[PDB]
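Each chain is listed here by its residues.
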Amino acid sequence: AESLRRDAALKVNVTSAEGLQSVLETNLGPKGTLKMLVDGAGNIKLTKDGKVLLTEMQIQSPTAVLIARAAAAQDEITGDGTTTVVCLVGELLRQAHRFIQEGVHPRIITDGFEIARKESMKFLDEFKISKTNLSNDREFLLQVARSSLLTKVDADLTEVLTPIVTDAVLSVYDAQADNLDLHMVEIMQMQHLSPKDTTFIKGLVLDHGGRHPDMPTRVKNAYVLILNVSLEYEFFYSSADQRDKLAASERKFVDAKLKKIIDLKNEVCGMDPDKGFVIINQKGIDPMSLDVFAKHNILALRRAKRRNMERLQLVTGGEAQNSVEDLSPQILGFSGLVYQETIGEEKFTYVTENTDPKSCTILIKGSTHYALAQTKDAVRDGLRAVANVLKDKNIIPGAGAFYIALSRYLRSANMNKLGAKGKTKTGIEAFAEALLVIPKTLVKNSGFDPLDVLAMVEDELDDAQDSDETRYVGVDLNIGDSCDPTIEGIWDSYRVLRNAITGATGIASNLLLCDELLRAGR
Amino acid sequence: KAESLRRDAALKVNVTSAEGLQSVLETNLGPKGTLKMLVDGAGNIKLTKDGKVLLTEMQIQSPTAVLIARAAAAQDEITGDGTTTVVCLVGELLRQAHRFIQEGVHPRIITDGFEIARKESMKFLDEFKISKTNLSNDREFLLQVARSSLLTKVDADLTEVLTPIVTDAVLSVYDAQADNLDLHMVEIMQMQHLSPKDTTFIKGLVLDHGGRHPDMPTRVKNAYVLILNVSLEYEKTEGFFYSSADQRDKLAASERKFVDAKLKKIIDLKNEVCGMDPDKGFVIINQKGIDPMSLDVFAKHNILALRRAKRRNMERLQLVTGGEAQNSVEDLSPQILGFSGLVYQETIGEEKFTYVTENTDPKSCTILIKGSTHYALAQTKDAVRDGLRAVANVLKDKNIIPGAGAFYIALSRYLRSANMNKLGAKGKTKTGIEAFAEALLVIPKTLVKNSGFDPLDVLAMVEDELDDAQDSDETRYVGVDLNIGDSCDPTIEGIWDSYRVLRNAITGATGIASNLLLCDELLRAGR
Amino acid sequence: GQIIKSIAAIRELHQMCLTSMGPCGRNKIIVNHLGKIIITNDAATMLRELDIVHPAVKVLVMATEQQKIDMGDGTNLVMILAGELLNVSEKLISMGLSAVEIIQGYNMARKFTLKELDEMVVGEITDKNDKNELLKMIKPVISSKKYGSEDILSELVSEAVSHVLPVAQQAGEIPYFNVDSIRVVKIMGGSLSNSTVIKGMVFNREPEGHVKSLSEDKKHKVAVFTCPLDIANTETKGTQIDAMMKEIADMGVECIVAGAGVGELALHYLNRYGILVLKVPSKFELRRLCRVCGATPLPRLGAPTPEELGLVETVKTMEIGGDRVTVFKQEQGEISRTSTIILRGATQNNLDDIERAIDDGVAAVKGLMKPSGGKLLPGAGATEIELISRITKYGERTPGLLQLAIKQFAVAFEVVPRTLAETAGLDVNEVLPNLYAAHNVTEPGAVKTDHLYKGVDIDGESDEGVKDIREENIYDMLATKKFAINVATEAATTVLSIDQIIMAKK
C-alpha cells in the first residue's frame, strides 16, 4: 500500500501534469514539431496526432494516465482537439497550484471552475458564426481544410490535400437534408510514388490486377459483371486426343458458361460503339477463359474479396451472379473510364466515372511507412474535421479568438455580474489565466515573443471595443502581429470547443480534488 | 578553475534562497507573531522576535542569503526599524518575479517595472501621510505610537508596563522650542533579581556602587550633591617606625590627617551648607575612595556618602545635578553643590543601588530593565532600545502613516488600477506593475496568516470597506484587525506607522530585489 | 536537446560516407553476421549491412532506400547532402534559429534549387541509343566504382546494353530495358581482360546433357515442359518417355527444355539423338527462358502444342575460364531479351564487387529511359559550385530570417566538391578556393561560357586549380540530381523536426 499526505498528493499530481504538458506542448499549431514513437522492433512513427501520441506513448507516472484516458474519450466524441485538452488541463493545474499554496481549499478552486464553465457556454453561443452550406461556399470549406490539414502536414501537402479532402467531402453530403458517413470515403494506401502524388479517385480502386498479358488497359463506357462462380477447370486417357477431351470436359462446362458470357458480350455493348464489357469474378478464371475474354475485348478480374466488390455492388449497381448458367443481360452495372495501373507487382483497377454512386476513394501515395502514417491520419482527421462543419452550421472564429476573447469576458463582465462569490473569484482568475495557454503556446512554438504577441492582440481588441464594432482578433504566426481569422481563413469548430472546455474543466476538477494516493490490490 | 551556470538556473538558485529567508524570517511578523531561538553554542539563548538580531546573529548557510541579510542590516541604521518588512518584501518580489521569469520576460523588463513602481510609490506615501501637530498634548497619539512598536516586540502584558515608561521617557528628552531630541540622553540599565513587570522609569540617574556602612542614611529629602575627586583613603606625601601597637596608627593617622584635614574641610562645608539646618542634606559621591573612618565621620554629620565612582557616570553626575567635579577639598565652596529631591539607595542583596532623582535640570532619564533571567532581560532591552527610536521617528518627523498595513493595502489598489490607465510605463512592462502590486500583499497577508484568520477572506473584507469609500467620497483608512478577524480603522484603534520607515522600506526592497533579479552567473574566486 | 543528440548520431554515418563517395574513394570492410567478408564502395550495400541504432539514423537509411529503389544512382548524394544539411543546421540551431524556422528555410530553398537545376542543363542525350551516346553516360556511371577500369567495363556494358535495347524507332510510349534484362555471372579466375559478354543466357551450372550443339539452321525451335517427364501417366493416378521428342521435333525443334524431371529412356535418348536437355532450378529463370529463347512452357506433359514452342537461334555448351557453362542464347535474330556479363576474375571480392558496380551501371540505363532522362548537368561539382553561387543570390533576394537559413543552405553544397577533393588527395585548402574563383567570374554576358564547365581534378595531372569536364566527357544525370535534392531536403527536414523520441507502450 501507499499513502501520501500534507497535500503532497497535490504536489505529485502537478508534477505529473507539468510533465505531460511539456511532452505535448511543442506539439501544437502549424509551427509545431513532430514526435517520434519507437516500437522497439524498429517500427517508427513520426506524428503530431495526439490521438496517436497519447494512445501509443508509454506513460510512466500513474497520474498522467488519467489525462490520457480522458483525452482519448474526447477524441472519440468530437474527433479533434486532443492537444487542446492536454494543454488546457496542464495550465489549469499549474495556475491552481499557485493558489493552493496561498491557502485556498481545493474545493473553493473547483467550484469556481464550474462557475466559469457555465459562463464559457454563454460566450460560445454569442461568438459563433452561422454559415450556409451552399456549393459556392467552397471558399469557406477550402478554408476549413486549410485550417485542419495545415496542422498535420508539412505545408507542401497543404496544397495537395486541400482540394482532395474538399471534393471528397462534397461527394458525401448532398446540399439538403441528406446525411454524412465517413465510411462512404475509402482510404487507400500504396507505395512507389512520392507523398505529394496522393490523388483523389472519383470511384473505387481494386488492388488485385488480373493474370493475363493482354488484359485491356483502357476500357471506356463499359457494363460491369460480378461473378461468384469459378470459371476455371472444374479421368483416364490413353492418347493425346483423349487427354485433351478430359481437359475440355470440365472446361466444356466452363465453355457453355463462356458461351453465355460472350452472348452477354454480344448482347450488351457487343455492337455498341465506344463501349465495352467488364467482368470481375470472386473465384478463379481459366487462363484460356481469359484468352476468350481478351479475344472478345473484355476486361477480366478474378480472385477478389467480396467486400471490395460489395462496394462495387453500390458503385456499379449490378446484381451479383452466383451462376453463369443463370446469367442474365440485365444484371450489369454502369462504369466509365476503367484504368489498370501497374506497379512493381500488382495492378490497380480504377472504377471511375460511375453513374452517381456517391462513393469516393482517396489514394494515399508515398515511399516509407513514415509518411504513409502521417498522411493516413491526416486524411482521416481532415474528412472527420470537415464533416463537423457540414453537421453543424456554426463555425467559430479560429486563431484562438475563442480562447483569447474569453480573457475579456471572464475578467470584466463577470466582475460586474458578481455571479459567483468573493473567495471563488480566485477560480475565475485562474480560469482566465489558463485559457491563455492555448494562444500563448501557439506563439511560443512559432519563435515569436509569447508576451508581445498577446499585447498586440489586446491592443486591437481594445481598439474595436472603443470603436464599438465587431472585430475577431487572432494571432498571425507568420508575421508575428495580430490577424483576423475571418479574413485570413482560420476556422474552428463549435462542437469541438464545447467538449474541450467542458471536458477540461471536468478533468482538472477531478485532479484538483485528489486527496490521497491509496495503493490498493497490493 | 571556474564554475557558473550558462543556463539561467542561477535565478532558480537565487529564488530558492529567498524562499528560505521567507520561511525563516516571516513567522515573526505581528503581535500574533512567533519567537525565534538563537543558540550561540556557549549555552546562551537569545529569545527574540527582532529582525536585526535574527539578521545580524544568524548562521547563514546560503551564499545568496548573505546579501539579503547584510543589505537589510542597512535598514536599521537609517530608520531604526522595519527590518522584517524588507525581508518579506524581497522574497515576494522575487517569488512573483519567478512566475513572470518562466514566461520569458527578461530580467531587465521586470527590473524596470520595479523602478517605475518606486517612482509611483513615493506619490502614494506623500498623499497618504497624516501631518501631526507638535502639541505636547499629543500624549494620546504618543501612547498609541508606543503600543504600535511595543505590541510587536513584547507579550502584550509587558506592553501596559512599558507603554507609560517609554512614553514618559521620550516626553522628557524631547526639547521644547522646536529643539531636537537626543536618545543618547536616555539611559538603559540592566538589573536582575526582579520580575519583568517591575521595569520602572526613573526621573534621573541610578548609580551602581551604593553605600557600604551601617550608618549610611537611607535617603535625603532635599539633597546637595558633591562630586569629589580627592583621594580620602590611605595616602602619603609624595619615616614610619613604630615599636608597639600604640605607635602604629599614630603615624599613619597623622599621614592620613592630610586627608582628615579635608575631612574636616568637608564637614566645614556641611557646617557651611546646612550643618544642622532642617530640610537640607549633603550627598558625597567620591571618584576616589573613602577611609572607613571617614565614613564614620560622614555619619557623624548625617551625610549620605558614596565612594569609588565610575568616571563616565561621574561626568554624567555633573550633568545630573549641574554641579562641578571637585579636584581639591581646600577649594570646597558652598555653591558647588547640586540640588535634587528624593535620593535613596535601594537594597538588592547583591548590591545596593543609588537612586538620584528629582534633579536640578538634567533633561535626562533612566529606564531600569527589571527581570531575573538573561533571556527576559535581553527581550526587554530590545523593546526599550527599539521603542525609544520609534517614538523618536514620530517626534522628529511630524508625519505619521496609518498602520495595520493600510499603506501596503491601498498602495496595491492604486498601482493596480491607475498605472496602465496612466500610460505611465509601457505595455510589456505591465508585468512589473502587476508583480509589485501582488508582492505588496505579502505584508497584509503575512499579518493575517500569523493570526490564524483566513488569509483570503480577511483580504476580501478589507477590499469591501475600501470600495465603500469610493462611493462615500470620504477618506476611510482601512486596516487588518488582527484580534476580531475583520477590518478595522487604524486611526480609531490607534495603530500607527512611520513615514521614514516605509519610505526606506520600499526604496530598499526595490534595490535588493533589483540586484538579485539581474544576477546572471555565480563565479568562484581564489580557487 | 534532442536535435543536438541527433546531430551526434548523424556524425557517425556522415563520417562513413564522407570518405566513401568518389572514384578516389576508400573501401569499407563489412563483416556479415552469417560469416561473409564484404568489401565495397556501395553505401547502399553498407547501410543494408549496418545495424541501425539511433532512430534518427532510421530516417536517413530509409531515405537512401527511397533513392536506391526508385533511382539506380544517388546513394551517396543522399547521404552526403543529408549529412551536411544537418551539420550546417548546427550553426543555425546555435545562432538561436528555431527548428520550425530552419524547416521553413530549407523548404523555401527546395523551390529555389529545383528551378535552378532546370537552368543548369548543358547538353541533352537525344535518345539515339547509339553506343557513343550510351558511353557518354555509361562511363561516368562506371566511374566512382572502379577508377581507370572504365575502358574494360564501358566496352562490356555499352555492348551488352545494345543487346537488350533492340532496334526501336518512333518509340517514346513503348518502354524498354527491364532491370533483369542484363545478367551478370561470376567465374573465379582470370582478370579484367578475360571478361566478355554473351548475347544470351548462360547457366552457371555445368552442362547437364551430353549434347554440345544443335543443328546449323537459324531459329532452332525449342520446347519447355512444366510436368515431370516419365511414361505417360493417365489424367488420374495410375497406382512414351522418349516419345515426347518424337512429338516435339515435328515443327522444327532441335532443343528440348524440360522444366521438370526426366524419365528413364529420355535421359539417354533425348541426348543420344543430339538434342539438348535442360532442367532449371530457378523458376523465374524459366520465365527468362520465355524471354531469351522465346519458349512458351507447355502446361501439360508430352503434348507440345505448336503454340507452346519457341524459336531460339543458337543453343550450345561453352567453356568459360575453364569452368563449363551452358548457353541458351539468340544469334542475329529472335533477338534475345537478356544478355549475360561474363566476369572472369580471381579475387572473389573484386569479382563480386565488379558485379555490384555493373549492377548499378545496368540500373543507370534504366534511368536513361524516356522519362525526361536525357538532361545532362555539368559534373565534378560544377552543378554544386554553381548552385552555391545561385543559392547565395536568392539569399540577397530574400528578406527576413530566411536569409540566414539560405546562407547556411549554400554552405551545405560544399560537401560534394570537398568530398571529391579529400578522397583524391589534393589539398582542400587549395582546390576549394580555386573552385570558387573558377565558377565565380564576371561574364561579359548572361551566358557563362567555359565557366560552367569548370570541374574537380581527380587525376594525377598536376595543375593549380581544376580541369574541364568535357576533357573526359563528365556529365551528371539531371533526374538523379533533382530526385536526390527532393529526397535529401525532405529527409533532413524530417530529422530537423524530431523534438522527442517516445517509447511505445510495452
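Residues numbered from 1 in each chain as written, not as in the entry; some residues may be left out. Chains lettered and ligands numbered in written order. Part of a larger assembly, values for the part shown. Heavy atoms only, no water.

- The deposited coordinates, according to the entry record, derive from cryo-EM at 4.1 Å resolution.

### Here's the deal with the interface of chain B and chain A
Thought 1: Taken together, the contact between chain B and chain A spans 13 residues of the former and 13 residues of the latter.
Thought 2: When the two sides are added together, the surface that chain B and chain A hide from each other amounts to roughly 1200 Å², 42% of it contributed by carbon and sulfur.
Thought 3: Applying the counting rule to chain B against chain A returns eight salt bridges.
Thought 4: Linking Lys-423 of chain A and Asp-454 of chain B is a salt bridge whose minimum nitrogen-to-oxygen distance equals 2.7 Å.
Thought 5: Counting the contacts that link chain B with chain A gives 10 residue pairs in polar contact.
Thought 6: Residue assignment for the side of chain B that touches chain A shows that the elements contributing at least two residues are helix 4 (83–101), helix 13 (430–439) and helix 15 (455–472) of chain B.
Thought 7: Its residues assigned to classes, the side of chain B that touches chain A shows three nonpolar, two polar and eight charged. (Contact = heavy atoms within 4.5 Å. Buried area = accessible area lost by both parts, 1.4 Å probe. Salt bridge = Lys/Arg side-chain N within 4 Å of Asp/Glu carboxyl O. Polar contact = N/O pair within 3.5 Å; in protein donor to acceptor, adjacent residues only side chain to side chain. Helix = DSSP H or I, 4+ residues; strand = E, 2+ residues; numbered from the N terminus. Nonpolar A, V, L, I, M, F, W, Y, C, P; charged D, E, K, R; others polar.)

### A few points about the domain arrangement of chain B
How big an interface is tends to be expressed through the accessible area that disappears when the partners come together.
Residues and elements named next belong to chain B.
Thought 1: According to the domain assignment, chain B contains domain 1 (1–132 + 399–527), domain 2 (133–203 + 363–398) and domain 3 (204–362).
Thought 2: The distance between the C-alpha centroids of domain 1 and domain 2 comes to 27 Å.
Thought 3: Taken together, the contacts link 24 residues of domain 1 with 20 residues of domain 2.
Thought 4: Buried area between domain 1 and domain 2, both sides added, is near 2100 Å², and the carbon and sulfur share of it is 45%.
Thought 5: For domain 1, the biggest contributors to the area lost against domain 2 are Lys-132, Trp-496 and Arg-500; these three give 34% of the whole.
Thought 6: The interface formed by domain 1 and domain 2 contains four salt bridges.
Thought 7: Note that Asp-76 and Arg-389 form a salt bridge whose closest N and O atoms lie 2.8 Å from each other.
Thought 8: The interface formed by domain 1 and domain 2 contains eight residue pairs in polar contact. (Domains from an automatic or database assignment.)

### Concerning the pairing of strand 1 (residues 34–38) of chain A
Thought 1: Judged by how many residues are buried, strand 1 of chain A sits mostly within the fold: five of five residues are covered.
Thought 2: Judged by which residues are buried, strand 1 of chain A turns out to be covered on both faces: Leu-34, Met-36 and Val-38 of chain A on one side and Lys-35 and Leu-37 of chain A on the other are all buried.
Thought 3: Alignment of strand 1 of chain A against strand 15 (residues 498–503) of chain C, held across five bridges, turns out to be parallel. Paired with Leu-34 of chain A across the two strands is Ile-498 of chain C, which belongs to strand 15 of chain C.
Thought 4: Looking at chain direction, strand 1 of chain A and strand 2 (residues 44–47) of chain A are connected through four bridges and run antiparallel. Looking across to strand 2 of chain A, one finds that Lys-35 of chain A is bridged to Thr-47 of chain A.
Thought 5: In this structure, the hairpin formed by strand 1 of chain A and strand 2 of chain A is closed by a connection of five residues, where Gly-40 of chain A is found at a positive phi of approximately 85°. (Buried < 20%, exposed > 50% of the residue type's maximum accessible area, 1.4 Å probe, protein only. Pairing = 2+ DSSP bridges.)

### A look at the packing of helix 6 (residues 138–152) of chain A against helix 11 (residues 369–391) of chain A
All names here are of chain A.
Thought 1: Remark: helix 6 packs on helix 11, axes separated minimally by 9 Å, with the N-to-C direction vectors making an angle of 145°. Crossing of helix 6 over helix 11 shows right-handed handedness. Facing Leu-141, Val-144, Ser-148, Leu-149 and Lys-152 of helix 6, the residues of helix 11 in contact are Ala-378, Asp-381, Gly-382, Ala-385, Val-386, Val-389 and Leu-390. (Axes fitted to C-alpha atoms, helices over the stretch in contact; angles between N-to-C directions. Left-handed = near helix turned anticlockwise from the far one by under 90°.)

### Description of helix 8 (residues 245–272) of chain B
Spacing of three or four residues puts side chains on the same side of an α-helix, whose turn is 3.6 residues.
Residues and elements named next belong to chain B.
Thought 1: With 28 residues, helix 8 extends 37 Å between its outermost C-alpha atoms, agreeing within 8% with the 40 Å of an ideal straight helix rising 1.5 Å per residue.
Thought 2: A maximum bend of about 50° is found in helix 8 at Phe-258.
Thought 3: Those residues of helix 8 not exposed but buried are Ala-252, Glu-255, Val-259, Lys-262, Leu-263, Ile-266, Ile-267, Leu-269 and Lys-270.
Thought 4: Packed against the buried residues of helix 8 are strand 8 (223–228), strand 9 (281–286) and helix 9 (292–300).
Thought 5: The first or second residue beyond helix 8 is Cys-274, which carries a positive phi of 65°. (Expected span 1.5 Å × (residues − 1). Bend = angle between axes of the 7 residues up to and from the residue.)

### Examining the sheet that holds strand 19 (residues 496–498) of chain B
Residue and element names in this part refer to chain B.
Thought 1: Read from one edge to the other, the open sheet built from three strands follows the order 3-16-19, with strand pairing classed as antiparallel. The open sheet has two free edges, formed respectively by strand 3 (130–131) and strand 19, since each of these has just one partner strand.
Thought 2: Of the pairings in the sheet, the one linking strand 16 (residues 399–402) to strand 19 comprises three bridges and is antiparallel in character. Across the sheet, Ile-400 pairs through a bridge with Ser-498, a residue of strand 19.

### Points about the pairing of strand 15 (residues 394–397) of chain A
All names here are of chain A.
Thought 1: In this sheet, strand 15 lies alongside strand 3 (residues 129–130) in antiparallel orientation, the contact comprising two bridges. Among the inter-strand pairings, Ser-130 is bridged to a residue of strand 15, identified as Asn-394.
Thought 2: Where strand 15 meets strand 18 (residues 491–493), three bridges bridge the pair, whose relative direction is antiparallel. Bridge pairing in strand 18 links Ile-396 to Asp-492.

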